[PDB]
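Engineer: Chains as they are written, first to last, in the numbering used here: chain A, 172 to 391; chain B, 172 to 391; chain C, 172 to 391; chain D, 172 to 391; chain E, 172 to 391; chain F, 172 to 391.
All residues carry an ideal CB built from backbone N, CA and C; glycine is no exception.
Once you've had a glance at the structure underneath, I'll fire off some questions.
There are 6 protein chains.
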Amino acid sequence: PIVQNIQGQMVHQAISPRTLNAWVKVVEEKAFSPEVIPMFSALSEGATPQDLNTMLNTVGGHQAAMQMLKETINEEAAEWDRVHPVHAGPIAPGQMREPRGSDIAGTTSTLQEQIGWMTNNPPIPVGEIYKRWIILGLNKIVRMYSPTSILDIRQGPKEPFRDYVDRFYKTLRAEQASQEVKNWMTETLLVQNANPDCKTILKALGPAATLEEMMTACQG
Amino acid sequence: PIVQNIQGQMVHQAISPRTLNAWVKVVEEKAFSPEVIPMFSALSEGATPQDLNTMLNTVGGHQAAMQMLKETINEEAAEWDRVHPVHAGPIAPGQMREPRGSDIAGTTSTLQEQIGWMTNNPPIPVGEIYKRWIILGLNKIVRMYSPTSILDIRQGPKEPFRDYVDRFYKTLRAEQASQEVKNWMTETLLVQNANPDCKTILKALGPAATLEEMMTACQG
Amino acid sequence: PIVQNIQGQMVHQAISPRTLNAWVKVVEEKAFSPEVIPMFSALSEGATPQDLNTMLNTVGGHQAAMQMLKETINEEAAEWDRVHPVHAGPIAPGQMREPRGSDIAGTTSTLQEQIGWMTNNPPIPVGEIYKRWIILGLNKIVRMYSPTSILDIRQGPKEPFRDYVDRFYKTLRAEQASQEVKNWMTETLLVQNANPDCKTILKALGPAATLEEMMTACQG
Amino acid sequence: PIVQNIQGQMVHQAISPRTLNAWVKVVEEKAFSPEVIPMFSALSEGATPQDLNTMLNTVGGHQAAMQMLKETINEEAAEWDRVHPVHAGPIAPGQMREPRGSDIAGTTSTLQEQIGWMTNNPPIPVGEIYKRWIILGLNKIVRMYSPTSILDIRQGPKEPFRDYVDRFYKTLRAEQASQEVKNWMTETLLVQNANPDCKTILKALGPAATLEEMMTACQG
Amino acid sequence: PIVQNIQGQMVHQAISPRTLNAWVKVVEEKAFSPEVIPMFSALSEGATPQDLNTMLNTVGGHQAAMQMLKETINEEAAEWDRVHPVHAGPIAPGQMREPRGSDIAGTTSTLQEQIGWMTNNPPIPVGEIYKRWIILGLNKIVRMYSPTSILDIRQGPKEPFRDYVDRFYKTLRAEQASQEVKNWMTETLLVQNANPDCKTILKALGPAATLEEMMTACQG
Amino acid sequence: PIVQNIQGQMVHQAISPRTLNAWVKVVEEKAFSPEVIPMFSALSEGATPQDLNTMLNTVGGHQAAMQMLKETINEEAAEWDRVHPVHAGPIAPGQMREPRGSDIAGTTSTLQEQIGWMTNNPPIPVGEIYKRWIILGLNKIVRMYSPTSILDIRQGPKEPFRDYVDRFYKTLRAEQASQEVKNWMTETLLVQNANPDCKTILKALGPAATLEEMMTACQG
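So this is what it looks like as structure tokens:
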């Protein structure tokens with residue numbers, strides 16, 4: 172990943188083994204849960220497409236998820252090539268040729284060319300584009316790992332309200348259908364599926380009730 | 172988070188992966204203890220709102236508590252907007268606009284806008300305000316996670332005074348109240364709920380005795 | 172490796188103890204899984220043949236695999252020396268001589284000659300060729316460690332489609348066939364070797380079958 | 172802490188997470204040994220009272236010891252405020268006001284006042300006083316934590332002299348008496364409490380008994 | 172060890188504690204094996220003789236091996252003295268004296284003299300010579316630590332070919348002999364000591380069969 | 172410990188928690204062995220007397236050895252004060268007062284005075300003097316922790332020669348009576364205490380025999 176110097180300029184730097192070790196360990200230990208996308212975006216800030224291909228190929232196991240991510244990256248690269256055709260002929264001396272989708276992916280280009288793209292004037296953010304594509308692929312992967320659907324949630328007679336709302340919001344963050352649909356769901360489905368006693372305790376507070384009073388009602 | 176860089180010019184330095192790993196580990200190992208608040212306040216010194224959002228997203232589990240935290244952040248932003256209205260219009264070329272609640276919460280504010288609001292003279296304390304909000308939310312969470320009420324703390328027949336006062340002060344620190352209420356409670360509740368064998372000893376010392384005198388009295 | 176100094180001449184640097192410890196640890200911990208080749212290509216970047224020989228010699232155990240890798244390096248060096256004539260006699264100053272196969276292997280050269288061949292104009296990628304040879308050898312090794320063949324994978328009656336495709340893609344990554352033949356295999360045998368229920372499901376799905384829709388169809 | 176820049180101003184720097192991690196690790200693993208006080212004084216060097224409050228609040232468990240430490244800090248602050256009058260009214264610019272005991276404790280101030288008091292000319296060190304108070308409190312704690320007294324140490328018939336002198340000097344390090352009383356006891360009760368055989372050996376050694384001579388005499 | 176410091180002026184940098192801890196760990200777990208010589212050469216790149224003495228003193232246990240190493244260093248020093256005589260007399264102000272046989276081992280040579288001998292132009296390769304001596308000693312020690320001879324390696328009746336060839340090549344690498352002798356040793360011993368069925372299987376392939384074909388013959 | 176900067180000057184630096192942790196771990200895990208003195212000398216290069224008092228007070232357990240070290244430091248300081256009396260009266264403006272015997276230890280002087288003493292013109296090496304004293308104390312400690320004497324060594328009928336020579340050289344390095352006496356002992360006591368069969372095998376080679384042939388004789 173590129174790093175700025177004392178005078179402000181930046182140059183390529185070898186990827187730290189600690190970053191790769193932490194990424195592989197968090198992938199192994201935390202599997203594919205909603206909290207891998209923020210850590211992935213934090214680990215590889217400013218990473219070249221070669222570094223992202225490294226961080227993806229290094230993930231042993233869960234090869235189906237990695238194949239899904241590869242297919243998503245392939246579709247995004249095809250759409251990028253369709254929306255931005257590259258020109259042919261001689262290239263200007265002060266400009267380097269613009270990358271194609273397969274080259275934005277970093278599959279058929281050298282590291283020096285990535286560094287030249289990233290440190291050009293004006294700079295070309297190939298790393299950020301490929302990171303956005305990988306984040307979309309990881310969103311689709313965490314959607315696939317979702318164990319249950321949002322509608323099938325029903326609290327057991329003994330399962331505490333805390334565990335119920337924990338499971339609910341876990342699969343809700345794993346759903347990621349939309350934002351306003353999520354807002355409507357947390358109003359309706361959250362109170363629609365409570366245990367009868369605590370259910371009517373929550374209905375006593377009306378729809379204006381917030382989550383804090385919703386929990387301290389059934390609390391104790 | 173931004174940091175003083177040689178010489179005297181603050182530049183943006185992205186959050187280090189080791190800090191995120193330390194935060195994930197402390198939330199995994201210590202769950203939601205009263206001490207986490209200081210560990211969180213010390214791990215994120217001078218952090219941009221984006222860094223605090225990253226540190227709150229990287230949490231694994233406890234989704235209910237994170238939801239209460241987000242809702243209290245929204246409530247604090249609404250109160251800030253009700254107290255600090257924002258006037259619309261074109262901005263000054265050299266001075267930045269006054270941020271709204273959504274600009275403080277890092278939801279709709281780009282990283283450059285936050286860097287501006289922080290490094291500008293005079294500085295806008297967006298980081299400290301968002302930290303105060305998150306600290307209020309964490310106080311709510313740790314006061315909710317209390318297993319038993321402070322009024323129910325009672326010593327066993329052979330439970331030593333050591334573990335009794337340890338558990339009592341732990342629950343009292345987790346409990347929420349003004350300092351004078353705690354000053355009254357440590358004088359009215361501590362000696363009364365003790366074991367009678369050592370309760371007589373504490374009564375023999377006196378009502379206004381300090382903690383160390385009673386502790387060395389029932390020592391052994 | 173050879174770290175490129177900021178706005179200055181590229182300076183040689185000894186391999187980091189951290190890098191070597193991470194390498195020996197991943198070897199010992201994961202044996203020879205298909206990701207050890209990407210992780211090796213990641214750890215060893217811009218490294219001299221001396222660095223690569225050190226990284227290979229620090230490996231303890233699997234001496235059969237090490238001897239096979241050395242035999243592959245010897246075969247590659249023999250082919251290089253056969254298809255590339257070696258010049259001799261007096262050599263003009265400021266121009267290094269013709270690198271032999273035994274020298275590009277690093278068994279008959281020195282760090283000075285390696286750095287000279289990597290700093291010449293135009294540069295000669297001695298490191299990038301020796302790394303290519305090591306990757307060919309590691310590919311042979313990981314093919315030898317393949318427990319089962321690819322044509323002999325059959326889904327269990329209870330073993331789910333996710334686990335089946337995970338094993339299938341792991342064996343495909345281990346497979347030695349060319350990429351053009353590799354595609355037809357994942358297009359045909361994936362749906363031709365599954366259990367009858369989801370087999371008929373994917374048959375009703377028909378052509379243009381992609382992994383995402385396949386896994387969404389075989390749900391439940 | 173307050174790191175002194177090389178040829179520059181003493182720039183303030185937030186406590187690194189490593190310091191707090193080591194502090195919580197030692198206070199968790201080693202409980203309250205006599206040496207923890209030296210390690211605490213080592214980790215926190217030139218630290219603001221905010222840093223010391225953060226280091227104390229991060230301690231998890233042993234809440235009775237923390238309450239005793241806070242009571243000791245309160246007593247020291249009361250004494251400081253009693254024996255030092257506090258000025259008020261308009262204060263000349265460029266000169267900070269009189270530091271109060273509750274203010275020298277850092278409970279009624281921000282980081283700016285502490286940094287100003289630790290940068291004034293002449294300097295008024297708040298850190299070296301608040302650390303002194305914390306060390307007095309930790310000394311009271313480690314004295315309270317000692318399981319056995321110094322006057323009640325007796326060597327076992329089979330237990331050798333080395334283990335006996337180890338326990339004796341550990342309890343002496345935990346002792347609360349003045350240094351002259353400490354010298355008196357380490358001069359007399361050491362030989363006055365040993366096993367009769369080596370007791371007579373050390374009596375034959377006579378006056379000017381020195382520890383290495385004692386341990387060389389009691390050999391075998 | 173000395174290191175190239177910005178810009179172009181080598182200055183002395185003391186050995187880092189982490190390197191010493193890595194060395195102690197590798198001489199605690201790996202103990203003495205063929206892989207230790209390569210690890211040692213990588214941990215001590217460009218080390219002054221004082222650093223190598225420090226790294227050889229920190230080894231706990233195995234005092235016989237360290238004594239062998241010291242005696243072989245003395246023997247190499249005597250041979251260097253017998254081959255490179257040192258003339259006595261006053262030294263020139265510009266250039267340094269020729270190091271004696273014991274000035275290499277860092278016994279009577281101060282650190283400043285070694286730094287001079289290394290940074291002078293032309294440099295005196297004291298570090299590489301002492302490293303060659305230590306490497307000869309380590310080769311002696313690892314050839315001594317061999318449990319059995321290479322002639323005694325024989326495969327069990329049901330012991331798979333994998334473990335047999337692994338153990339055989341490990342003992343052959345630990346053994347000390349010229350590579351030319353090993354070329355006959357392998358073709359004479361590998362096939363003969365195998366299991367009778369696998370013996371005939373390998374003999375069916377041919378005498379000059381490579382290792383990979385011989386392996387894939389009895390694979391499984 | 173002081174550290175050099177880019178301009179070449181040195182200034183105080185806070186002691187790293189990693190150094191303290193490594194020292195405490197090596198002191199406890201390895202207890203007292205001849206290889207604790209090189210580790211101590213390597214860990215605290217350039218450390219101020221305050222840092223050495225930290226590294227000594229931080230050693231929990233083995234308080235008798237620490238008291239021996241304190242007594243040795245006290246005797247060395249008394250001898251230093253006797254051999255170098257300090258002058259009275261006003262001190263010159265360009266010179267700082269020379270440290271007394273007790274102030275070399277850093278017991279009654281602040282850190283700033285140590286830094287001024289170490290970076291004066293000309294510099295005064297108080298740190299090196301106190302390190303020499305501590306190394307002498309540690310030598311006496313490892314002398315006391317020697318389990319057996321050098322003369323009592325007699326190899327058992329079954330104890331292998333390797334274990335015998337290991338124990339011999341261990342307690343010989345732990346003896347440190349002298350260096351030429353060590354050279355006489357390794358000639359006489361090593362050959363005088365062998366098992367009769369291997370004893371006469373060693374006598375077959377005469378006194379001119381070296382250790383390598385000495386061991387390979389009894390080997391196998």
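Report yes or no: is there a C-beta of chain C within less than 8 Å of the C-beta of residue 299 of chain E?
Structural biologist: Translated into the one-based positions of the fifth sequence, residue 299 of chain E becomes position 128. No, residue 299 of chain E does not count as interfacial toward chain C.
Engineer: Can you give the Cα-Cα distance for residue 310 of chain E and residue 338 of chain D, rounded to whole angstroms?
Structural biologist: Counting from 1 along the fifth sequence, the entry for residue 310 of chain E is found at position 139. Counting from 1 along the fourth sequence, the entry for residue 338 of chain D is found at position 167. Between residue 310 of chain E and residue 338 of chain D, the C-alpha separation is close to 47 Å.
Engineer: In chain order, what residues of the same chain have a beta carbon less than 8 Å from the beta carbon of residue 191 of chain A, not counting five sequence neighbours either side?
Structural biologist: One-based indexing of the first sequence puts residue 191 of chain A at position 20. These residues qualify, in order along the chain: 225, 226 and 229.
Engineer: Among the candidates D/318, D/183 and D/353, whose CA atom is the shortest distance from the CA of residue 284 of chain D?
Structural biologist: On the fourth sequence, position 113 is the one that residue 284 of chain D refers to. Comparing Cα-Cα distances from residue 284 of chain D to each of D/318, D/183 and D/353, the minimum goes to D/183.
Engineer: Give the residues of chain B in contact with residue 230 of chain D, contact being defined as C-beta atoms less than 9 Å apart.
Structural biologist: Numbered from its first residue, the fourth sequence carries residue 230 of chain D at position 59. Those within 9 Å of residue 230 of chain D in chain B are 206.
Engineer: So that I know if they touch, is there some Cβ in chain A lying closer than 8 Å to that of residue 247 of chain B?
Structural biologist: Within the second sequence, numbered from 1, the residue matching residue 247 of chain B stands at position 76. So no, residue 247 of chain B is outside the interface.
Engineer: Taking a cut of 7 Å between CB atoms, which residues from the stretch 179-203 of chain C lie near chain E?
Structural biologist: Answer in chain order: 182, 185, 186, 188, 191 and 192.
Engineer: To the nearest angstrom, how far is the alpha carbon of residue 216 of chain C from that of residue 172 of chain C?
Structural biologist: Position 45 of the third sequence holds residue 216 of chain C. Position 1 of the third sequence holds residue 172 of chain C. Going from the Cα of residue 216 of chain C to the Cα of residue 172 of chain C covers about 7 Å.
Engineer: Return the first residue and the last residue of the beta strand (DSSP E) that residue 181 of chain C is part of.
Structural biologist: Within the third sequence, the letter at position 10 stands for residue 181 of chain C. Unbroken beta strand (DSSP E) run through residue 181 of chain C: 181-183.
Engineer: Are the CB atoms of residue 290 of chain D and residue 319 of chain D nearer to each other than 8 Å?
Structural biologist: Numbered from 1 along the fourth sequence, position 119 holds the residue referred to as residue 290 of chain D. Numbered from 1 along the fourth sequence, position 148 holds the residue referred to as residue 319 of chain D. In this structure, residue 319 of chain D does not lie closer than 8 Å to residue 290 of chain D by Cβ.
Engineer: Output the residue ranges of the alpha helix (DSSP H) runs that lie fully inside the stretch 264-304 of chain A and measure 4 residues or longer, sorted by chain position.
Structural biologist: Within the stretch 264-304 of chain A, the complete alpha helix (DSSP H) runs of at least 4 residues are 272-275 and 282-289.
Engineer: Using C-beta distances below 8 Å, list every residue in its chain close to residue 220 of chain E, excluding the 5 sequence neighbours before and after it, in chain order.
Structural biologist: Walking along the fifth sequence from the start, residue 220 of chain E turns up at place 49. 275, 276, 277, 280, 285, 297, 298 and 301.
Engineer: Which residues bound the alpha helix (DSSP H) around residue 372 of chain F?
Structural biologist: Numbered from its first residue, the sixth sequence carries residue 372 of chain F at position 201. Its alpha helix (DSSP H) spans residues 367-374.
Engineer: Do you know whose CA, among D/198, D/233 and D/188, lies nearest residue 211 of chain B's CA?
Structural biologist: Counting from 1 along the second sequence, the entry for residue 211 of chain B is found at position 40. For the residues D/198, D/233 and D/188, the minimum Cα distance to residue 211 of chain B belongs to D/188.
Engineer: Starting from the Cα of residue 232 of chain A, find the closest Cα among C/204, C/239, C/237 and C/252 and give me that residue.
Structural biologist: As a first step, residue 232 of chain A must be located in the first sequence, where it is residue number 61. It is C/204.
Engineer: What separation, rounded to the nearest whole angstrom, lies between the Cα atoms of residue 259 of chain B and residue 223 of chain B?
Structural biologist: Position 88 of the second sequence, counting from 1, holds the residue named residue 259 of chain B. Position 52 of the second sequence, counting from 1, holds the residue named residue 223 of chain B. Rounded to the nearest angstrom, the two C-alpha atoms are 28 Å apart.
Engineer: From residue 383 of chain B to residue 344 of chain B, what does the alpha carbon distance come to, in whole angstroms?
Structural biologist: Locating residue 383 of chain B in the second sequence gives position 212, counting from the first residue. Locating residue 344 of chain B in the second sequence gives position 173, counting from the first residue. Distance between the alpha carbons of residue 383 of chain B and residue 344 of chain B: 18 Å.
Engineer: Helix or strand or just coil, what does DSSP make of residue 257 of chain A?
Structural biologist: Along the first sequence, read from residue 1 onward, the residue named residue 257 of chain A stands at position 86. Residue 257 of chain A: coil per DSSP, three-state reduction.
Engineer: Taking beta-carbon pairs under 8 Å, can you tell me which members of the stretch 206-225 of chain C lie near chain E?
Structural biologist: Answer in chain order: 225.
Engineer: In terms of DSSP beta bridges, what is residue 175 of chain C paired with?
Structural biologist: Sequence index remark: in the third sequence, residue 175 of chain C carries index 4 (1-based). Per DSSP, C/181.
Engineer: Can you pull out the residues from the stretch 352-364 of chain A whose beta carbon lies closer than 7 Å to at least one beta carbon of chain B?
Structural biologist: So the list is empty, because no residue satisfies the distance condition.
Engineer: Could you spell out where the alpha helix (DSSP H) holding residue 322 of chain B opens and where it closes?
Structural biologist: Counting from one through the second sequence, the residue named residue 322 of chain B turns up at place 151. Counting along the chain, residue 322 of chain B falls outside any alpha helix (DSSP H), and DSSP gives it neither H nor E.
Engineer: So, helix, strand or coil for residue 381 of chain E, using DSSP?
Structural biologist: To locate residue 381 of chain E, count along the fifth sequence from 1; it is residue 210. Residue state, collapsed to three classes: coil.
Engineer: Within 10 angstroms of the Cβ of residue 354 of chain D, are there 16 or more other Cβ atoms? Answer buried if so, exposed if not.
Structural biologist: By 1-based counting over the fourth sequence, the position of residue 354 of chain D is 183. Flag for residue 354 of chain D reads exposed.
Engineer: Starting from residue 336 of chain A, find everything on chain B with Cβ-Cβ shorter than 7 Å and list it in chain order.
Structural biologist: On the first sequence, position 165 is the one that residue 336 of chain A refers to. Here the neighbours are 235.
Engineer: Please name the residue, chosen from A/332, A/379, A/315 and A/177, that lies closest to residue 391 of chain C on a Cα-to-Cα basis.
Structural biologist: If you number the third sequence from 1, residue 391 of chain C lands on position 220. Minimum Cα distance to residue 391 of chain C is reached at A/315.
Engineer: Taking 8 Å as the threshold, find out whether the stretch 239-247 of chain F comes into contact with the stretch 261-275 of chain E through three or more Cβ pairs.
Structural biologist: As far as the Cβ criterion goes, the stretch 239-247 of chain F does not touch the stretch 261-275 of chain E, which means the pair count is below three.
Engineer: List, in chain order, every chain D residue whose beta-carbon is nearer than 9 Å to that of residue 175 of chain B.
Structural biologist: Translated into positions along the second sequence, residue 175 of chain B becomes position 4. What residue 175 of chain B touches in chain D: 182, 183 and 184.
Engineer: Taking just the CA atoms, how far does residue 374 of chain B sit from residue 364 of chain B?
Structural biologist: Taking the first residue of the second sequence as position 1, residue 364 of chain B is located at position 193. Taking the first residue of the second sequence as position 1, residue 374 of chain B is located at position 203. Those two C-alpha atoms are separated by around 12 Å.
Engineer: By Cβ distance below 8 Å, which residues in the same chain neighbour residue 243 of chain F in space, the five residues on each side in sequence not counted?
Structural biologist: Sequence index remark: in the sixth sequence, residue 243 of chain F carries index 72 (1-based). These residues qualify, in order along the chain: 304, 307, 308 and 311.
Engineer: So, does the CB of residue 341 of chain C fall closer than 8 Å to a CB anywhere in chain A?
Structural biologist: Within the third sequence, numbered from 1, the residue matching residue 341 of chain C stands at position 170. With 8 Å as the cut-off, residue 341 of chain C counts as an interface residue toward chain A.
Engineer: Please state whether DSSP places residue 228 of chain E in a helix, a strand or coil.
Structural biologist: Taking the first residue of the fifth sequence as position 1, residue 228 of chain E is located at position 57. Residue 228 of chain E falls in the helix class under three-state DSSP.
Engineer: Quick check: what's the CA-CA separation for residue 406 of chain E versus residue 326 of chain F?
Structural biologist: Because residue 406 of chain E is not part of the residues shown, which for chain E are 172 to 391, the question remains open.
Engineer: Please classify residue 214 of chain A as buried or exposed, where buried requires at least 16 neighbouring CB atoms within 10 angstroms.
Structural biologist: In the first sequence, residue 214 of chain A corresponds to position 43, counting from 1. Buried, by the Cβ-count rule.
Engineer: Any idea if residue 176 of chain E is buried or exposed, counting beta-carbon neighbours within 10 angstroms, 16 or more meaning buried?
Structural biologist: Taking the fifth sequence and counting its residues from 1, one reaches residue 176 of chain E at position 5. It counts as exposed.
Engineer: Taking its Cβ as the centre, do 16 or more other Cβ atoms sit within 10 Å of residue 263 of chain A, making it buried, or is it exposed?
Structural biologist: As a first step, residue 263 of chain A is located in the first sequence; it is residue number 92 there, counting from the start. Exposed: under 16 other Cβ atoms inside 10 Å.
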